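So you can see what is in the structure, the chains are spelled out below.
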Amino acid sequence: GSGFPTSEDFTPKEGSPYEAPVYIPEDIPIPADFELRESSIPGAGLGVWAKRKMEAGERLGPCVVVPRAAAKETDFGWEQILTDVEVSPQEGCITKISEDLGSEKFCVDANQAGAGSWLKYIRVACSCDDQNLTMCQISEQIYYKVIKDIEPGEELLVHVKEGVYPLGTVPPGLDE
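Residues numbered from 1 in each chain as written, not as in the entry; some residues may be left out. Heavy atoms only, no water.

Per the deposited record, solution NMR is how this structure was determined.

(A) Quick look at the environment of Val64. Checked against the element boundaries, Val64 lands in the loop between strand 3 (59-60) and strand 4 (133-138). The spatial distance from the C-alpha of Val64 to the C-alpha of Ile147 is 20 Å, given a sequence separation of 83 residues. In this structure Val64 touches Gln141 and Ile142, once residues within four positions along its chain are discounted. (Helix = DSSP H or I, 4+ residues; strand = E, 2+ residues; numbered from the N terminus. Contact = heavy atoms within 4.5 Å.)

(B) Focus on empty space enclosed by the protein. On inspection of all chains with the given rule, the structure shows one cavity of 30 Å³ or more. The space that makes up the largest cavity amounts to roughly 40 Å³. For the largest cavity, the full set of lining residues is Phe34, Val48, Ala50, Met54, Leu60, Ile122, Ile150, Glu154, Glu155 and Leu157. Residues that form the lining of the largest cavity fall into these classes: eight nonpolar, no polar and two charged. (1 Å grid on protein atoms, 1.4 Å probe; cavity = no way out; pocket = protein on both sides within 12 Å on 5 of 7 lines; lining within 4 Å. Points joined across faces, edges and corners; volume = space filled by probe spheres on them. Nonpolar A, V, L, I, M, F, W, Y, C, P; charged D, E, K, R; others polar.)

(C) Molecular detail of the nonpolar core. The biggest cluster of nonpolar side chains holds 15 residues, and the ones touching the most others in it are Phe34, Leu60, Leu119, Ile122 and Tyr144. Broken down by element, the residue count for this core peaks at three residues, all from strand 5 (residues 141-146). Every residue in contact with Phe34, bar those within four places of it in the chain, is listed here: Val48, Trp49, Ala50, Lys51, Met54, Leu60 and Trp118. (Core = buried A, V, L, I, M, F, W, Y, C linked by side-chain atoms within 4.5 Å. Buried < 20%, exposed > 50% of the residue type's maximum accessible area, 1.4 Å probe, protein only.)

(D) Broad picture of the UniProt feature "domain: SET" in the protein. The feature "domain: SET", as given by UniProt, occupies residues 32-161 in the numbering adopted here. Helix makes up 0% of residues 32-161 and strand makes up 22%, while its end C-alpha atoms are separated by 28 Å. (UniProt positions renumbered as here; feature names shortened; annotations may be inferred.)

(E) Here's a closer look at the pattern of salt bridges. Under the criterion given, the structure shown has four salt bridges. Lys148 is the partner of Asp149 in a salt bridge, and the nearest nitrogen-oxygen pair spans 4.0 Å. (Salt bridge = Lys/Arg side-chain N within 4 Å of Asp/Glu carboxyl O.)

(F) Structural detail: the layout of surface pockets. Of the voids in this model, the largest pocket is the one considered here, and its volume is about 450 Å³. Where the lining of the largest pocket is concerned, the elements lending two or more residues are strand 1 (34-41) and strand 2 (45-50). No other element matches strand 1, which puts three residues into the lining of the largest pocket. Its residues placed into classes, the lining of the largest pocket shows eight nonpolar, one polar and four charged.

What follows is the structure, given as structure tokens:
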């Protein structure tokens, strides 16, 4: 039986009988400014707690760096952001290199660690007095934009939704 050391007869433990404990072997890379942990807070659920503070104008990332023609499902809070031919002229927008935030002149902890799935954990604020959550959609990629300063110990960042995605914060009749 998978999940427990059975030790009954000469039954080969085939097929990789593995089960995920409290600490998952995935271990998704996250920015050091935020901690990912299972902590069910009544009214929200699980989220990534900022162990550090932020001041108004901050944005959580990276989530996804997926361009226009990167095969989007259908809608994530608009209708279809792939409404522009991504020709991408090779006379300007190329970026074959990547600026690394290392020990040169980069006292910024960004574009280093962060698969992106870490940002889908943050949910709607437990209380309407704690509303400080807004979704940002730029360059056809997803970011969580914070409203005002964050104090270490509260994660309120979500795409406001009252159905699935669209009518939550965007007009369901965009561009008429």
